[PDB]
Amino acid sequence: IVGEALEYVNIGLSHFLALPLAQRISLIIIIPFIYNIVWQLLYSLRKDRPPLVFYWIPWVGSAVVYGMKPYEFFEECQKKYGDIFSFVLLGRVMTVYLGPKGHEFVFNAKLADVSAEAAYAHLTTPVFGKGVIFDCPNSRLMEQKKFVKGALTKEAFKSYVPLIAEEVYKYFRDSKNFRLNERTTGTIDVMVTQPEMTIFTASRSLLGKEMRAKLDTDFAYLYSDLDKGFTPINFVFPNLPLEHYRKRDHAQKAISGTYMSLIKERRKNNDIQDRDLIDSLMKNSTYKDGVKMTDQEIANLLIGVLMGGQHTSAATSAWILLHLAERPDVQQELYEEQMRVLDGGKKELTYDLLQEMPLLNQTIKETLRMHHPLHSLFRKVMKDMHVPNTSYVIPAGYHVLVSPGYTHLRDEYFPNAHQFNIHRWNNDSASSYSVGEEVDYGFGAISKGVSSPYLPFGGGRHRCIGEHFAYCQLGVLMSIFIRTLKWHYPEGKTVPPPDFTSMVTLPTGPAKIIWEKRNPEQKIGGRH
């Protein structure tokens, strides 16, 4: 008889429940630890699954090392399993596909196969507000990107360039970090100066003079509040009853409220021109089904667009300054270009003249290669995906992770990849371009192929639409920096390592540089 054993299960269950609440808790710990380790070992037997990176702590997965040095993580994984592999991240299984084929597999994936908004909505909806970007169907996103692109035209850029220049000179004149009319040399932290320069120039151009004027008041503090709410933690803890989160939410309401105030006032004046992104969205934000964006959605879309461009651009100009700080040879070469194109500084900078500064654009290009702001782009897998030329199947509920920034740093695709060399882009200074066929997902014709090893602006339906705005802003900014100042490192200092745990791969601060005026007696005019 074995029925005596079935009794003994029951008995065992009872004897278990009467263990001391000390031993019983550790069992509550030690059991999932063992099952996890067992499940992985069984998972490796499955060959329609990409290799899974081993980990001890359940749920947490490889979060720590991935968070701290994702490119070094990816390299070790790549050496062991090749380009396709999975790892556990805070409850989620990420399947990484490295290299150009990975770009193709994720960026060009079927709309039915993956979802970005499913990956990203928690990160962004709390910050931007409802109804826009990733809080709406992909088809709504496609048209929003079309609306915003409508204020990012060549003629807009011609009008923005002098507005941006004015803000940069204003910042050199009035900021305590510079004060060039009073000081001929000084030390700055680029992680302090660049976010300020960035929001000032982006506000003035995209949002207009009134909105820029508000950053000169206490209202600036709300931007700082909202800004602090744009962080990776939102991936895990989007909302939780703390101080941090209420300021953020308050800020969102307060800032969207201000844009709406301006919007409603411009319409109640028939004062709707072609100045800024606000005018533009007012005139052009009706979807194809005839539904119009609400004033709230318009305001929210403004916040999203300003916030995203804030962090990518601010990090990029910081890195540019940092790399040039140890390359007086490159500052020198850039200065010669400025003198040539602007006739010794006589000519006023314009959008057309910016396009005749290939070395400057190449410098932005090379900084975006060495410092892709977003080291990992995500999609949630919605339908089972088979990985071509493999037996691999990525089951729904997984996430795919693509990382062009990792490929940016591979010697195979960029010789001496960890060397800053703007001349690798000689006669190839364009922000990006297509090597063949194009396609349109609803916001303009863009490259069909996404196989370039250089993809700072992504590709496919979720491709950036800010690239030309960013080059315009970075271009004006760096053209004025170069013409006005030389700079270098404090003794024994050099380019800092990136902080891969922040929203963007900004430098680990404080990252200080020492500036000095090229023309000590040059004064910046205007009232203050």
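The first residue of the shown sequence is 1; numbering continues from there.
- Across the two stretches, 358-366 and 153-161, the PDB entry reports the greater mean Cα temperature factor for 153-161.
- Mean C-alpha B-factor is higher over 38-46 than over the other stretch, the pair under comparison being 464-472 and 38-46.
- Which of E167, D218, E210, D174 has the largest Cα B-factor in the deposited entry comes down to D218.
- Of the residues listed, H423, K292, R204, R340, the entry assigns the biggest Cα temperature factor to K292.
- The PDB entry assigns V236 a C-alpha temperature factor belonging to the highest third of its chain's modelled residues.
- Ranked against the other modelled residues of its chain, the C-alpha B-factor of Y259 as given in the entry falls in the middle third.
- In the PDB entry, a CA B factor belonging to the lowest third of its chain's modelled residues is recorded for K517.
- The PDB entry assigns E336 a C-alpha temperature factor belonging to the lowest third of its chain's modelled residues.
- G102: CA B factor lies in the middle third for its chain, per the PDB record.
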